[PDB]
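A single chain, nothing else alongside it, follows as structure tokens in the form deposited in one PDB entry.
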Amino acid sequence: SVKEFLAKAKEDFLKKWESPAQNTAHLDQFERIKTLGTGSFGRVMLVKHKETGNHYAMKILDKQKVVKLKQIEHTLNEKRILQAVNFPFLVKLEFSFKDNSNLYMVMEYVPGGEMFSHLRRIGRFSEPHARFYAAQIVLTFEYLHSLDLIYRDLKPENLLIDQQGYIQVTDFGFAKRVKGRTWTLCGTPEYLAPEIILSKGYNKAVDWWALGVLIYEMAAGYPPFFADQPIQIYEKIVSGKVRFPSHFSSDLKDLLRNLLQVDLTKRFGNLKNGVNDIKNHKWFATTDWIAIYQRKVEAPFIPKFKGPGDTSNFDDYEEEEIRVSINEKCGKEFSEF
């Protein structure tokens, strides 16, 4: 049952949430090979665990940069939540630790690269292709939302493709455990729901809005609201007027009108029937939800794999030395990391 499984999931989660894993490795245990991506506070590098030969992706955050951007509480959220969750389409945190200068999150290496990369290169995805990815996100959001977690940064940049063609959600930097309402203005401009922009207070319905943005972007090749500057994007979103490509099927347009719905009493995922409004929509009529969950569906796209530490599905980034200070920075701030 969905009910049974989620209840079991919540018990598992709550024990880890109440007693988080801390200091489960050290930097010297890993050989650093190459940068896979970057972000405001640092970078994520392919690494190899010296005693096992296992590859992982190591996210390195500069404590002082976190502090400058007033992201301390968000970073604490990120690590506390990621070490507690477990779902087939969530990237797994394997180890975490800190030193004088940095925080480290050692996660599974997902070798197929970012959905972003593949989407931009290929132009757009077919409706079955988009649908296969969308289903994984729907199940993942049912899971997270059942734990009172809001994800708040859905976008193809954050979705990695595994060796079997399934999605792995990464970057829990804005994830938050909240019962009810929250107010932070965070996310990515193209993906923000109108109520975030209008400072209304918001809830998990913002992730369903963002699903609408993602499916559109996947199927069209461009997002439903774009411009050269974020201010113009926000104007377009609050306007809420959406135009669809002529090649979008009728069922797809109907789904998106219901996800990209400004009115929260009408937006799908946020009604009495909750996620079932989405799962039972006609666009998903061909989806076997249980088989998606069980990974028994053939992926529309399988990435190239030329070998275990290969990074050819990722862009190249400028490398820099990982200097660790001889003085502890921001110790009190990150004490529970």
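Rigid core here is just the name for the largest C-alpha set that superposes within 1.5 Å across the two forms. A residue's number is simply how far along the shown sequence it sits, counting from 1.
Comparing 140 to 148 with 230 to 238, the higher mean C-alpha B-factor in the PDB entry belongs to 230 to 238. Averaged over their C-alpha atoms, the temperature factors of 240 to 248 and 181 to 189 are higher for 240 to 248. Across the residues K70, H55, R43, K306, the deposited record lists the maximum Cα B factor for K306.
The PDB entry assigns its highest CA temperature factor, among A285, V66, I60, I33, to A285. Per the PDB record, residue ranking by Cα B-factor puts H118 in the middle third of the chain.
The PDB entry assigns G201 a C-alpha temperature factor belonging to the highest third of its chain's modelled residues. Ranked against the other modelled residues of its chain, the C-alpha B-factor of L256 as given in the entry falls in the middle third. When the modelled residues of the chain are ordered by C-alpha B-factor, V324 sits in the highest third. Split the chain's modelled residues into thirds by C-alpha temperature factor. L264 is in the highest one.
Although not depicted, the form deposited in another entry is the subject of the following passage.
Core-based superposition between the shown form and the other one shows that, of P230, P88, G221, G165, only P230 has its Cα displaced by 2 Å or more.
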